[PDB]
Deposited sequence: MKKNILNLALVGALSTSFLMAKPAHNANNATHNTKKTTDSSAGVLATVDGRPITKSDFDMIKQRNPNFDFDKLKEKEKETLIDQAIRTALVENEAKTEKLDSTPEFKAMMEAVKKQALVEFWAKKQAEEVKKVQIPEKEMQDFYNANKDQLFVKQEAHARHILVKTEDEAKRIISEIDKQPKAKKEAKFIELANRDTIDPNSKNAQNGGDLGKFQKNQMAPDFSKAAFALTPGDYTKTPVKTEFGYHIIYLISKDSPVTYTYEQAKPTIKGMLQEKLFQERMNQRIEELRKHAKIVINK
């Protein structure tokens, strides 16, 4: 698998980065040239001692550290891969997280963000007072006056959030949002990280629930990822204990 030489120096399949032999014959040609071009650049960079310069050396230290770190993390991940994830862990996860992660569904809604539960509560009562026909415009009006969402505030768009997938918004905000009938709004504020939301649902399409079997690949990945993060965290917290760490602010 010496694919080419440049000034004698072999180009080989090891010159590539994540399958070469599965590539179309003409794709291969294109890659060999890229690697030829790389090698010509490298030779030139070395002749010019771009690598001995301080700019590069400094930068190379960062790169090497990052590399060494990812290397170490890769190794953590490999201990995880050897562990079988039990079928049971996977169905449990599917059941618990189905509605949150395994439902394709799109909504258009608008929201109002406020700082306190009572402000949110006040906003809901105001809208509650309005005849059905008036509720949407009242929501829009209050959003423009009272929302603290900067973009919403700046846009004066009635707190329009545009269309979003169920799995792509914060979970408890999505649950609330998608739980509504179109044309209704939440009668109870929704606390998040940012404050309290009132959500008005404009529209939503019909949800499609992925089955266990369709979900299972993604589930497997997510559980390994969690095992991996747990593993690394555990190890890093042990390292943390043997070091003297001082923050300056």
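- In this entry, the deposited residues absent from the coordinate set span 1 to 42, 61 to 68.
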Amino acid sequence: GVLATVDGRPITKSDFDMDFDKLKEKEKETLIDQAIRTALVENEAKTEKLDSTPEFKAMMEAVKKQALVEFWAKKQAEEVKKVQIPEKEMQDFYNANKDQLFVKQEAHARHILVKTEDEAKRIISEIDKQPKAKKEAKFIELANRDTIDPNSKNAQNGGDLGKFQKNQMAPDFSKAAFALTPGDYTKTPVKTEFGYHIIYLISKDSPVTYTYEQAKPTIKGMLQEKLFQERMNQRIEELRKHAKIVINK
From here on, numbers count along this sequence of modelled residues.
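- For the pair 22 to 30 and 45 to 53, the mean Cα B-factor is higher in 22 to 30.
- Within the listed group 202, 199, 39, 58, the record reports its top CA B-factor for 58.
- Residue 70 sits in the middle third of its chain by CA B factor, as recorded in the PDB entry.
- Per-chain ranking of the deposited C-alpha B factor places residue 206 in the lowest third.
- The deposited CA B-factor of residue 97 belongs to the middle third of values across its chain.
- The PDB entry assigns residue 235 a C-alpha temperature factor belonging to the lowest third of its chain's modelled residues.
- The PDB entry assigns residue 133 a C-alpha temperature factor belonging to the highest third of its chain's modelled residues.
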